[PDB]
Amino acid sequence: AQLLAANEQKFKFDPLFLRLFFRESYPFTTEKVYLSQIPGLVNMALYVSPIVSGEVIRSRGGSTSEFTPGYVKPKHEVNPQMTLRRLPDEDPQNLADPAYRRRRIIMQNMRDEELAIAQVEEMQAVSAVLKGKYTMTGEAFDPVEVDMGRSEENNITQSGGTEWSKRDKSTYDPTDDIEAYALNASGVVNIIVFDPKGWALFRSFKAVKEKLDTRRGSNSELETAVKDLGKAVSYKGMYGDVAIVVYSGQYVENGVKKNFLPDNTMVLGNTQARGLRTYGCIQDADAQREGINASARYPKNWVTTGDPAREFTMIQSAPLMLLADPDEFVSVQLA
Amino acid sequence: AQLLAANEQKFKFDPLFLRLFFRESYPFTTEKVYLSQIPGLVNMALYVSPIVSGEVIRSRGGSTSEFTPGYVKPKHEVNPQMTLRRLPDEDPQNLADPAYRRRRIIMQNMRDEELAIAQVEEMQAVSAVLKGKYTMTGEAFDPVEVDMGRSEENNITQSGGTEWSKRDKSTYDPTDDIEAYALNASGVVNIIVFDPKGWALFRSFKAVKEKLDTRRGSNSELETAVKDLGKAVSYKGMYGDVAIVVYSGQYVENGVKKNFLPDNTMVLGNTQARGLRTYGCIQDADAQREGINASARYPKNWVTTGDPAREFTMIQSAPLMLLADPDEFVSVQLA
Amino acid sequence: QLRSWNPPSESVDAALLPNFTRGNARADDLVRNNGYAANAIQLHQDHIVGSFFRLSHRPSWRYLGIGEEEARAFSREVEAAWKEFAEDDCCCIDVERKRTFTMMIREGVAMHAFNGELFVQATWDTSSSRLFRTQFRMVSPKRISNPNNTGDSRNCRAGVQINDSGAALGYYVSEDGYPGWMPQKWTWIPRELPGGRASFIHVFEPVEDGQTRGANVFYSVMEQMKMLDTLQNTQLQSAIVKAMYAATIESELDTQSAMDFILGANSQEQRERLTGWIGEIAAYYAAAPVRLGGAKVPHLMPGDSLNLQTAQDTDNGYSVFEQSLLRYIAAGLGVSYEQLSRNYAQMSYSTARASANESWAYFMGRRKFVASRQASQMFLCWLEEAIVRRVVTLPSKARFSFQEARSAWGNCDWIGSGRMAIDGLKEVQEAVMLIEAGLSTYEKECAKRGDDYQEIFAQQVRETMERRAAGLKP
Amino acid sequence: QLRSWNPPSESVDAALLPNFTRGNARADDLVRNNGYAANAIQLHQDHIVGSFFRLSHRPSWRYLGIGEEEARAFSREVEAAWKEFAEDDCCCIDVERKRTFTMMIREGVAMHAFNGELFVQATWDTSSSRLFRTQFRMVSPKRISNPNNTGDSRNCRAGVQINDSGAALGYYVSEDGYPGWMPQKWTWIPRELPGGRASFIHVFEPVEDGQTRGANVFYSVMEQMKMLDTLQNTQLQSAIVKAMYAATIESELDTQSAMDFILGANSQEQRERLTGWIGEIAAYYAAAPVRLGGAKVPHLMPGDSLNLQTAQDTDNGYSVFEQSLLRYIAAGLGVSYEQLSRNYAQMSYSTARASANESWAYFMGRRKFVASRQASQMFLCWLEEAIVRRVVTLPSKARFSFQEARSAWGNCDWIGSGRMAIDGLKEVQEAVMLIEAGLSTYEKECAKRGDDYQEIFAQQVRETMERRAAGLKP
């Protein structure tokens, strides 16, 4: 059992979703998300006559304001019985210390913990901006469908009508489809991040390959983001006007591993779409009596006396991240 | 016979395999490798309901946990009868000293020793990520095949069907094959390191030569790695999206020398693939009674009294380095 | 056990500096967890400085040609000035503004005892509440590392920049680490100014040539750590197992071949026999209430019991082990335990006064060895400032200038703890013999008594005249 | 045990020099890991030098024809000059610029105790802060090896170049090794200049003729090393096994022939019997909870237990072993342990004063044996420099020149630690007897008291006149 302050990572490397589209964090002192409580977009046009001023403007009463945040509280043991991750030859005598082994093993345990919540949050993000629906579900828990409201024109499919696979691999240009799906996106699209084989049949067209610019032509901080997360986001290059990226991230589930992304999917939208990170109550007596009922995360190291007389690291959170405008992204399944 | 502390090199220059893919060292106090004991990838998804928490999570019991580490303990003599490597004109009077000759000759002897174990470890690495099989073998020792489990789609061959040699040297683009072999690699490939003639027939295609960028466009620390090991890794340049490297390292065997790499081979995978460096027991009474049973290497300088009344330098190790995900790399024999 | 603590075979400086951080850190651990270090530093304080540390200025009048009377009057002036400057009640003589001269000497001697070195810096305060704008800020030993924690180098060695000959030029002071999140930045600090000004007073005892750091404590205290641990654990085990008791139930039963055949038949297909016997024994323990005392006998159906046969039963010997080792390390570390934890066992008269006089002379040794440096350095800086400010007047016939003969002019001695009392009869017979034979001078008499001859004579004049006036007996 | 430490059978010099590095290295190991060496060197310091080391110049006035009064006044001048030159407050008298005369003597005596030799070098400092341009830099014993670490030769022997007759001509000083990566280069250093100038003061005690190095410590301390190890380990084992306890489970079962037949049938084809019995015993331990205390009884199905029958159980005897051996090596190495770790066991009055006076006289022996060499050498160099600078005036009637009679002119004695106190009554009855019978002179009285007759008389004059003036009683 070590203090709360032993929670230093400086490792925030989420794959460009919770850090770039979903910056809009709202931890609450209350259980649910109350979209009426969030101001979101403000009623933002009307003025008043040059004699007096008008009424009082409020948070404009969101129609649906009741969903259950994913209160996730996992834990692990940091029992000093293992040989640990030994960074090359930094004096294993301190590993021989139970104190250093226990502290850096709580380091390792907790980092596994937040990357676990981060990967489940990224699955929530990919569900969110791929269908507008999120499955708040788990065993011994009712499945609540949390819908931002993704429209039908945001779910139009490439296989409908003519498929890119069922097209000329040399002369056909899918740019026409690119603006066709981008027009009904309530904004400009500046990233065309694909799943791998989706980008494969996208680039199979020649027009794509002599239309794209392999050069840097550094447009924004997206190159810096790729250099940071050189793991699963791949900056293919410029398609001229728009940036071409491929995400091949993978989640390692209970017995097997598989990619986050489905077979062939796309979301057309902006890099500055508004993403909410509403956070529920944290059900920990420590959190309430020290005021961490409204926060992002909560770690603790703590000893059980009695039957499971041991010591554990416990991580608690409650995210219900969504997208403010589901119509911002057009979600297309590809050929 | 000089003390243990006379083992200072600061020379770690392994060819980008044990330092970049196989950082994951696990020296043990026990003979074999117990993959069940290594946590490896942790069961890393499930949370618990917001009422109580669930069961205890363990190291998820690796199916096969019994292989024999390559306990390698060679030695040499440092008999002060030679004229040694004389660095240009740093006062050969100290070479005339038996003390300085003996100490810098144990320096030379031991450095030969760890570079020997490093080169045999690199042969183990090239066997590992070229077929998923490693031959734990030697005379007066049973040959144990240590298999990570490389799949068949990770062993698909270029000569099957149409060969790059049996293709148009001007218009054919092997990029199609590049993503064809990269898709079933469980991740993104960012180095296309070839053996020399493999890269030769790769670049024989024009599309390759006007698709590749000879410029620096410094992507990562791989340029720094090449500047460090300017010996046998050759940073050809950018192929645009991916880095092009060629390894032409050579091992000098008992009577002859020959390249590490086979004639025409390729492994498609990431630069951050997980590589285990499990290490067995060190069978040296000194090592046990001072606790170096679980370590990387062990040197010693020591005198034999009696029939071989001499003095030797002895180096002991026991590596059984493997790859966590054999499916991470697709191994292809080329045209 | 030699595993968790390892000596290399080399010169002491190169055997300590590589493991400087670990040894010092475990020294911090033991001086924080253990009372012995606190008692030792407290007794060192009370033997070396005690109540106060008194300055006495004795310029080399004979060598400089200065008259002894002029030297004595000039010393009177400087002593009055120094006492009034040191007695500042607002703790204002330090840059930290929270330590007087007493705690200057206190922290300096404590840190020169722990790490073997002390670091004083003569800085120019701007607070005009006093005539003297010089304060002395003490510098932590954690600050002295090579610029940006680099390992030892050719001439930059553990934070000190020296020449090939070893001459300490300056130092790289890392930035403070309190709060625990300030980064360290290394700043240049010369040891002394060329004109002899003592800027960075670095006083340490080097055991050998070229050594840069002082002596440790933990590297001889790990054995108390592990002896206290082992005695603690062995007393715990002895206490818990003097009356540990196994409460099981056995029965006659046990018909050898019949019991084995029944067990085998149960294992194969006749578990109903075991179920019936277990039911009968459960009914047995629920119709008996098999209870020994205030507690229930733990449920044991017949045929199984613990075999708590023990190990050897000789006396632990820890008694004479611990007396021998406490003895041992007591006049190892130096201060005897018959007062570091105060035994009164079989101690006698010659015992007492021999031990007391040798230990007190040895503390006089440590005092004159590790206090006079700081005293003289601080006095030199203060006297230089006083000469700058023309507070006290140098002799007109100065054979050498102040800057040239700072050592000659600033020659001084210092008085530590007060008047020693051990026996009474001892000190008084010594005093009567010295005062009858004249074998004691002003200076060494005042050293022995912790007083001043001038003031004792003036106050005896006052005594005699008040007794005469009031009618008492001089 | 004689394996890890081996004496050859030969003259001591040729039996030590071949194993010089190993013995000295393990000596470093024990003096660093062990407190006894620190306590011994500290007590040697405080008995030999103590507070200070006082010079007294007595030129052979009777033999040289010099008047005693002129000799005494010239001695007054040289003593004033030497004290003012030695009292330098900036540590500036050394080339390292960090040791005064006190630590000159300290490091010299410490190294002449450890290695048996000390190495001083009279160098010409250029720092003009003092009148005397001569400093004295001490030279490490690691420096003295044959040029480029070659083995002993005909006349180049362990670093000293001598003749066939053994006369020490000069030395090969290897370059310093701090930081731990400087190479060594050997430089020529003569022992003394032809004119009698003491350049390289090499003071060592040779046990026999032709010996070049001094005495060791470790070659008689390995036995403390291994006794402390063995007592340490035996106390650890005794503590850990006073209450080691085996918690297994046995049962009746065990139908001899039936059990053997069942085991054989299981080995052949009937392992189902063993599986059934193991299942029954697992259900047994999970329906009993077989638990002894706060901890679970380690799982033992019936028929297997540890046999922790012990070895002999007599007292270890280590008590009287260790007292006898501490006794033994205590007045081996020389300083008694009843203060090297301070026992007060059954020690009596004659005990105390006999032990104290013999030990103190013996320290007077060591002082006069291994301090006066360095004192006279340094005094000769300083006096030669003073004569060069015309600081003090030689007698006009010099029967021999300074350069010719440096020994006669530079004849000197030195005073070590201060006034001994052991009993009080002892010293005072001695003092009264000496002062009544006149059996004590100025010189030996001042030697006994650590004072000066001239200053005691001048201060008694001051005492009497101040008592008369202020009204006190002379």
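Positions along each chain are numbered from 1 by the written sequence. They may not match the entry numbering, and residues without coordinates are not shown. Here the convention is simple: chains get letters from A, ligands get numbers from 1, in the order in which they are written. These chains belong to a larger assembly; all numbers given describe just the chains displayed. Note: side-chain values were computed over all heavy atoms of the structure, leaving out hydrogens and water. Residues with missing side-chain atoms are left out of burial classes, side-chain pairs and their counts.

cryo-EM is the method the PDB entry states for this structure, with the resolution given as 5.58 Å.

The name recorded for chain C in the PDB entry is Portal protein B, from Escherichia phage Lambda. In its PDB record the entry is named "Prohead portal vertex of bacteriophage lambda". UniProt positions are given in the numbering used here, feature names are shortened, and annotations may be inferred rather than shown by experiment. Within the UniProt record for chain C, the comment given under Subunit (literature references left out) is "Homododecamer. Interacts with the terminase complex composed of two small and one large terminase subunits." Here chain C is described in UniProt, under the heading Sequence similarities, as follows: "Belongs to the siphoviridae portal protein family."

As annotated in the PDB entry, chain A carries the name Major capsid protein and is attributed to Escherichia phage Lambda. Checking UniProt for chain A, the heading Subunit (literature references left out) contains the comment "Homomultimer. Interacts with FI protein." Recorded in UniProt under Sequence similarities, the annotation for chain A is "Belongs to the lambda phage major capsid protein family."

1. Remarks on the overall build of chain C
Helix and strand labels come from DSSP, where a helix needs a run of H or I of at least four residues and a strand needs a run of E of at least two; each type is numbered from the N terminus. Per the secondary structure count, chain C includes 17 helices and 10 strands. Taking 474 residues into account, the globule formula puts the C-alpha radius of gyration at 23 Å, and chain C, at 35 Å, lies well above it. The contact criterion used is simple: two residues touch if any of their non-hydrogen atoms lie within 4.5 Å. Across chain C, the fraction of contacts at a sequence separation of at least 24, relative to all contacts at a separation of at least 6, is 61%. Two things to know: the radius of gyration comes from C-alpha atoms, and the globule rule equals 2.2 Å times the number of residues to the power 0.38.

2. A few points about unusual backbone geometry
For the bond from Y178 of chain C to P179 of chain C, the omega torsion is 15°, close enough to zero to count as cis. One non-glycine residue with positive phi stands out, namely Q346 of chain C, at about 45°. Within the fold, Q346 of chain C resides in the loop between α11 (337-340) and α12 (349-370). Positive phi, close to 50°, is recorded for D254 of chain D, a residue that is not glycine. Relative to the assigned elements, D254 of chain D resides in the loop between β9 (249-251) and α8 (257-268).

3. Here's the deal with the relation of the copies chain C and chain D
Each copy is laid over the others by a least-squares fit that uses only its C-alpha atoms. Mapping chain C onto chain D leaves a residual RMSD of 0.0 Å; the transformation is a rotation of 30° accompanied by 0.0 Å of translation along its axis. When you check the interface residues of chain C against chain D, a mere 14% turn up at the interface there too, and the two sides of the contact use different surfaces.

4. Some remarks on the state of the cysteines
By disulfide we mean two sulfur atoms from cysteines, separated by a distance within 2.5 Å. The full count for this structure, using the stated rule, is 2 disulfides over all chains. Each sulfur of the disulfide joining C90 of chain C and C92 of chain C lies 2.0 Å from the other. The sign of the S-S torsion, about -140°, decides the handedness of the disulfide formed by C90 of chain C and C92 of chain C: left-handed. Residue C412 of chain D stays outside any disulfide, its sulfur separated by 11 Å from that of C381 of chain D, the closest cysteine.

5. Focus on the nonpolar core
Take the buried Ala, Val, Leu, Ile, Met, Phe, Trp, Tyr and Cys residues and link them wherever side-chain atoms come within 4.5 Å; each set so joined is a nonpolar core. Buried, partly exposed and exposed residues are distinguished by accessible area as a fraction of the type maximum, computed with a 1.4 Å probe on protein chains only: under 20%, between the cut-offs, and over 50%, respectively. Within the largest apolar cluster, 42 residues are counted, with the highest numbers of intra-cluster contacts made by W82, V392 and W414 of chain D. Of all the secondary structure elements, the ones that give two or more residues to this core are α3 (35-48), α5 (68-86), α6 (101-114), α10 (318-333), α11 (337-340), α13 (372-389), α14 (406-409) and β10 (412-415) of chain D. The biggest single contributor to this core is α5 of chain D, with 7 residues. Contacts of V392 of chain D, omitting those with residues within four sequence positions, involve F74, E77, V78, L383, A386 and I387 of chain D. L55, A330, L394 and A408 of chain C belong to the second largest nonpolar core, which has 40 residues in total.

6. Comments concerning the pairing of strand β2 (residues 117-124) of chain C
Residues and elements named next belong to chain C. Among the 8 residues of β2, 6 are classified as buried, and the element is accordingly described as predominantly covered. With 5 bridges connecting them, β2 and strand β8 (residues 200-204) associate as antiparallel partners. The partner of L118 across the bridge, within β8, is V203. DSSP bridges decide pairing: two strands pair if at least two such bridges lie between them. Pairing of β2 with strand β3 (residues 134-138) involves 5 bridges; the strand directions are antiparallel. The residue bridging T123 from the neighbouring strand is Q135, located in β3.

7. What to know about the sheet that holds strand β11 (residues 297-304) of chain A
Consider a sheet: its strands pair through backbone hydrogen bonds, and that pairing is either parallel or antiparallel. Residues and elements named next belong to chain A. Within the open sheet, the 3 strands sit side by side as β2-β12-β11. Their pairing is antiparallel. Only two strands of the sheet have a single neighbouring strand rather than two, namely β2 (75-77) and β11. In this sheet, neighbouring strand axes are inclined to one another by 20° on average, regardless of whether the strands run parallel or antiparallel. Across 8 bridges, β11 lies against strand β12 (residues 310-317) in antiparallel orientation. Residue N301 lies in a different strand from β12, and its bridge partner there is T313. In the packing of helix α2 (residues 98-131) onto the sheet, the strands contacted are β2, β11 and β12, and the crossing angle to β12 comes to about 30°. Axes, fitted as lines to C-alpha atoms, cover a helix only where it is in contact. Angles between the N-to-C directions of the axes lie from 0 to 180 degrees.

8. What about the interface of chain C and chain D?
Counting from both sides, the interface comprises 120 residues of chain C and, opposite them, 119 residues of chain D. Tallying contributions element by element places helix α10 (residues 318-333) of chain C first for the side of chain C that touches chain D, with 11 residues. Partitioning the side of chain C that touches chain D into residue classes produces 47 nonpolar, 48 polar and 25 charged. Summarising the sheet, strand β9 (residues 304-306) of chain C and β9 of chain D pair through 3 bridges and their orientation is antiparallel. Within β9 of chain D, the position partnered with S305 of chain C by the bridge is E250 of chain D. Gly counts as polar in this scheme, as do all residues outside two lists: the nonpolar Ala, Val, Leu, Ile, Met, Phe, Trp, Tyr, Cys and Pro, and the charged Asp, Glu, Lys and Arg.

9. Describing the pattern of salt bridges
What makes a salt bridge here is a side-chain nitrogen of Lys or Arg within 4 Å of a carboxyl oxygen of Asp or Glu, nothing more. According to the stated counting rule, one finds 47 salt bridges over all chains in the structure shown. Of the charged contacts, one joins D451 of chain D and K444 of chain C as a salt bridge, the two residues approaching to 3.6 Å between their closest N and O atoms. Here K444 of chain C lies in helix α16 (residues 442-449) and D451 of chain D lies in the loop between α16 (442-449) and α17 (453-470), a pairing that spans two chains. Note on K444 of chain C: relative accessible area 13%, which makes it buried. Between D125 of chain D and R97 of chain D there is a salt bridge, with the nearest N and O atoms lying 3.3 Å from each other. On the criterion of sequence distance, the pair formed by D125 of chain D in the loop between β2 (117-124) and β3 (134-138) and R97 of chain D in the loop between α5 and α6 is long-range, its members being 28 residues apart. Comparing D125 of chain D with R97 of chain D, the two get one shared label, buried.

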